[PDB]
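Report on the following structure.
What follows draws every value from the coordinates through simple rules; no lab data is involved. Cβ coordinates were reconstructed from backbone atoms using ideal geometry, including for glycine residues, and neighbour counts include every protein chain displayed.
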Amino acid sequence: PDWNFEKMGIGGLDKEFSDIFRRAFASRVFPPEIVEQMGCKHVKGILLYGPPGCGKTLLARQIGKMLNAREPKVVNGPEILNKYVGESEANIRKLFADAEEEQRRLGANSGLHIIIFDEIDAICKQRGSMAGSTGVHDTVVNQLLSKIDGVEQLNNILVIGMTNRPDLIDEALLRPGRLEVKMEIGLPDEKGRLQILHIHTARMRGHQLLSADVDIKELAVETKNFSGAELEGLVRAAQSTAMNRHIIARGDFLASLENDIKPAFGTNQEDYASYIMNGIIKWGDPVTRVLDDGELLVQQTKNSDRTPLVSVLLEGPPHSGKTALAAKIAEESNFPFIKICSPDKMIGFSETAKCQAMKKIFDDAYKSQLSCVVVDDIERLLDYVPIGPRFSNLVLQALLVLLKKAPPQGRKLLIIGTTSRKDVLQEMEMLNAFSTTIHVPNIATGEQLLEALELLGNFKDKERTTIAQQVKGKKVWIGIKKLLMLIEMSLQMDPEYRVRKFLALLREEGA
Amino acid sequence: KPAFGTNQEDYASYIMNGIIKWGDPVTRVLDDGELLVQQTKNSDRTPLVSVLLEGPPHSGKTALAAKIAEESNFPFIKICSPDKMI
Ligand SMILES: Nc1ncnc2c1ncn2[C@@H]1O[C@H](COP(=O)(O)OP(=O)(O)OP(=O)(O)O)[C@@H](O)[C@H]1O
Ligand SMILES: Nc1ncnc2c1ncn2[C@@H]1O[C@H](COP(=O)(O)OP(=O)(O)OP(=O)(O)O)[C@@H](O)[C@H]1O
Ligand SMILES: Nc1ncnc2c1ncn2[C@@H]1O[C@H](COP(=O)(O)OP(=O)(O)O)[C@@H](O)[C@H]1O
């Protein structure tokens with residue numbers, strides 16, 4: 001048995017490699033004298049899927065190193081497509097034909113010619129047969145499988161499939177014998193990451209550049225979700241500070257410093273700022289009780305085995321910063337995975353491009369254990385307008401099934417809408433699908449207003465005395481983003497005229 | 001091994017908690033459909049049948065569909081759901 005992971009190359013996924021070893025590759029490592037009776041033909045092909053950056057391509061070559069081929073030829077799918085019809089399929093034919101010579105020449109004792117596809121998922125779209133929608137590339141796959149399971153079948157081969165979209169592949173491409181067996185890779189647990197860190201450090205520890213104040217046990221777990229690929233870049237970044245340390249003139253952690261730089265596959269901390277200008281200004285009880293409620297039912301999820309999915313939307317009148325509150329609710333529990341979906345970046349897209357950004361985000365999210373995702377300004381991406389009813393049916397349809405779509409077993413998430421008007425939604429039947437709602441009343445009163453202004457501190461006691469004298473009495477109904485807007489508009493004034501400008505403008509709010 | 005035929009279990013995602021008998025009607029539903037599937041099971045000149053589950057917005061409809069289909073013991077079962085047709 002040659003399958004031990006004390007060999008350094010990869011780690012953390014030990015069970016999955018064990019499995020392929022268990023049922024996939026046992027035939028090829030066993031004394032053949034027995035099986036030569038049984039005539040058991042080997043797996044010709046295998047599939048493994050998972051997130052992109054989790055070190056799958058070093059598995060394949062490692063089994064090639066483990067059980068020696070001449071060498072791998074690795075290819076990328078898009079590296080072969082041609083406008084000219086003949087060329088693309090022919091390339092594949094060359095790849096296979098390299099082996100057939102040895103197989104027929106040297107019979108059935110030949111060594112493996114191994115193949116790897118970096119991503120199939122474009123080429124292996126599931127063709128379907130009818131007069132229309134035959135397909136664009138539906139004829140390359142025929143040549144492929146005809147090589148795999150075809151006439152003059154060969155036992156001289158091994159082929160590795162790779163994808164991040166396992167469901168689009170045709171079911172016959174992967175029927176048993178052509179590729180029988182599938183494995184899932186999922187983003188590694190902290191144990192796998194401490195192994196990986198042991199790996200990439202193993203030279204540094206030996207060369208003793210980094211001798212001190214370095215613990216992988218904490219430094220692994222402080223990140224709950226990363227890809228093993230980024231960590232090597234991280235280690236390279238960790239290597240960069242010692243070289244950026246000698247710009248001034250034997251190694252230090254800069255990891256705690258640099259982790260803020262890195263966009264993860266998972267959570268990001270640097271996207272708040274555009275959404276959070278000012279932080280969370282608590283003007284009164286409703287604000288704090290709301291985000292307290294957020295902190296309340298988040299625990300529901302994290303402590304629930306029977307409700308993986310939960311959902312709310314923060315409704316309220318406009319310009320109350322519901323977006324910001326949702327962002328804070330995300331930021332409050334230090335989740336593994338948080339992400340924004342917003343029209344800001346999906347701008348100027350068709351009804352089926354933004355959908356494919358959205359399915360991308362959630363199926364990206366499904367495979368994390370615990371997550372919080374947020375969608376802002378539902379009305380906008382739904383492309384709602386009152387004059388005419390107009391919207392894209394596609395979007396809400398594909399959205400609400402996701403609100404009713406449970407992720408795979410053992411993974412849980414909550415989802416957050418910021419919709420500012422729900423009458424449409426009640427009419428449009430998204431509101432029965434959401435579990436529950438939050439009214440976010442905008443500030444209704446001056447006694448709360450001046451309090452907030454004291455928290456900001458723009459205005460003096462006299463400037464504030466002005467307000468306190470004139471109106472205690474009105475109930476002003478105002479969204480706060482507008483408040484900030486016009487104080488900044490009055491903050492520029494002749495000081496004597498500063499305040500009553502604010503007041504006069506403020507009395508134009510309506511209702 | 002998942003086959004071309006019935007998912008051996010794929011049902012768990014549709015039923016996470018499992019159906020609970022809270023009274024008579026739950027029995028009523030799936031016994032009625034059980035006789036119905038007997039009807040298709042042994043008959044001539046009704047090669048197919050068409051049934052529909054009506055109910056209010058959350059009644060656990062999809063779940064009981066999975067239950068009836070499982071206990072029906074068919075060789076071949078597929079569920080087409082918009083989840084997959086997004
Ligand atoms: N606790 C708080 N109370 C009120 N406003 C806050 C609070 N914390 C932050 N904000 C402010 O909310 C503003 C965000 O704007 P806002 O999200 O209200 O526009 P919007 O509501 O998305 O627009 P629309 O009303 O069309 O949805 C920021 O300036 C932010 O500082
Ligand atoms: N008879 C029952 N007793 C107890 N729980 C049930 C019963 N039927 C369904 N459930 C629970 O309801 C949940 C599934 O409901 P399901 O998704 O089938 O509702 P549905 O009617 O399809 O909803 P919708 O009509 O909104 O799609 C599961 O957790 C399931 O255990
Ligand atoms: N144990 C491991 N787990 C995850 N990733 C690893 C591990 N060991 C190495 N890696 C990194 O995984 C990366 C995989 O990158 P590659 O396979 O080229 O892109 P993709 O993973 O998207 O196909 C490699 O660059 C490698 O540095």
Correct semi-axes for chain B, from √(5λ) of the alpha-carbon gyration tensor and rounded to whole Å with the largest first, are 20, 20, 13
Ranking A:316, A:335, A:358 by how far each Cα lies towards the positive end of the charge dipole of the stretch A:298-361 (+1 on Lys and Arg Cβ, -1 on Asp and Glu Cβ), the top one is A:358
The distance between the Cα centres of the stretch A:114-182 and the stretch A:242-267, in whole Å, is 43
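Under the classification rounded if a/c is under 1.5, otherwise prolate if a/b is larger than b/c and oblate if not, where does the stretch A:86-162 fall, given a ≥ b ≥ c as square roots of the Cα gyration tensor eigenvalues? All intermediate terms of the calculation are to be shown ahead of the outcome.
Numbers: a/c = 2.57, a/b = 2.08, b/c = 1.23.
In terms of gyration-tensor shape, prolate.
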All alpha-carbon distances of the stretch A:369-466, grouped into 5 Å bins from 0, give the whole-percent distribution 3, 9, 17, 16, 11, 10, 9, 9, 9, 5, 2, 1, 0
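Using DSSP to call loops (not H, G, I, E or B), can you name the chymotrypsin sites (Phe, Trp or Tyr not before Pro) in the stretch A:44-106 whose Cβ has at most 16 other Cβ atoms within 10 angstrom? Don't jump to the answer; show the numbers that get you there.
Details: sites: A:49, A:84, A:96; in loops: A:84.
Answer by residue number: A:84.
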So the compactness index of the stretch A:279-421, its C-alpha Rg divided by 2.2 N^0.38 Å, takes the value 1.06
In Å, the Kirkwood hydrodynamic radius from C-alpha pairs for the stretch A:404-448 sits at 13.5
The alpha-carbon pair-distance distribution computed for the stretch A:208-367, with 5 angstrom bins and whole-percent values, is 2, 6, 12, 15, 16, 15, 13, 9, 6, 4, 2, 0, 0
Rounded to the angstrom and largest first, Cα extents along the principal axes for chain A equal 101, 69, 46
For the protein assembly as shown, the dipole about the Cα centre with charges only on Cβ (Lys and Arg +1, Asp and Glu -1), to the nearest 20 debye, works out at 360
So, with points 7 Å from each Cα along the Cβ direction, the residue A:202-residue A:505 label distance in nm works out to 6.5
Taking every C-alpha to C-alpha distance in the stretch A:224-306 and binning by 5 Å from 0, the per-bin percentages run 3, 10, 13, 13, 14, 13, 13, 9, 6, 5, 1, 0
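Fewest to most neighbouring Cβ within 10 Å: what's the order for A:437, A:465?
On the way: A:437 17, A:465 13.
The order, fewest Cβ neighbours first, is A:465, A:437.
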Karplus ³J(HN,Hα) for the stretch A:283-296 (6.51 cos²θ - 1.76 cosθ + 1.60, θ = phi - 60°; Hz, whole; x = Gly/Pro) runs 8, x, 4, x, 4, 5, 6, 5, 5, 5, 5, x, 4, 6
Expressed in µm² per second, the diffusion coefficient of the stretch A:407-511 from the Stokes-Einstein equation, with Rh the Kirkwood radius over alpha carbon pairs, at 4 °C and 1.567 mPa s, is 78
Once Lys and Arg are counted +1 and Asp and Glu -1 for all other residues with Cβ under 11 Å from that of residue A:479, the total becomes +2
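Compute the signed sum of charges (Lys and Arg +1, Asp and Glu -1) over the other residues within less than 12 Å, Cβ to Cβ, of residue A:108.
On the way: positive: A:41, A:104, A:105; negative: A:36, A:102.
Neighbour charge sum, excluding residue A:108 itself: +1.
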When all Cα-Cα pair distances of the stretch A:273-342 are considered, the percent exceeding 16 Å is 53
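In chain B, which longest range has no GluC sites (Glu not before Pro) that are both DSSP loop (not H, G, I, E or B) and surrounded by at most 10 other Cβ atoms within 10 Å? Spell out each step's value before the answer.
Values: sites that count: B:9, B:54.
Answer from the scan: B:10-53.
Could you calculate the FRET efficiency of residue A:356 with residue A:211 from 1/(1 + (r/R0)^6), where r is the beta carbon distance between them and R0 is 60 Å, rounded to 0.05?
Details: r = 49 Å, r/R0 = 0.82.
Result of the calculation: an efficiency of 0.75.
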Taking the convex hull of the alpha-carbon atoms of the stretch A:123-263 and averaging its shadow over every direction gives an area in square nanometres of 14.0
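Considering only the other residues whose Cβ falls under 13 Å of the Cβ of residue A:229, what net charge follows from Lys and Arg at +1 and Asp and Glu at -1?
Numbers: positive: A:56, A:193, A:236, A:262; negative: A:230, A:232.
That sum, taken over residues with Cβ under 13 Å, equals +2.
Tell me the mean residue ellipticity at 222 nm calculated for chain A from its helices only (DSSP H runs of n ≥ 4, each -39500 (n - 2.57), averaged over every residue, nearest 500).
Details: 21 runs with 216 residues, N = 511.
Per the formula, -12500 deg cm²/dmol.
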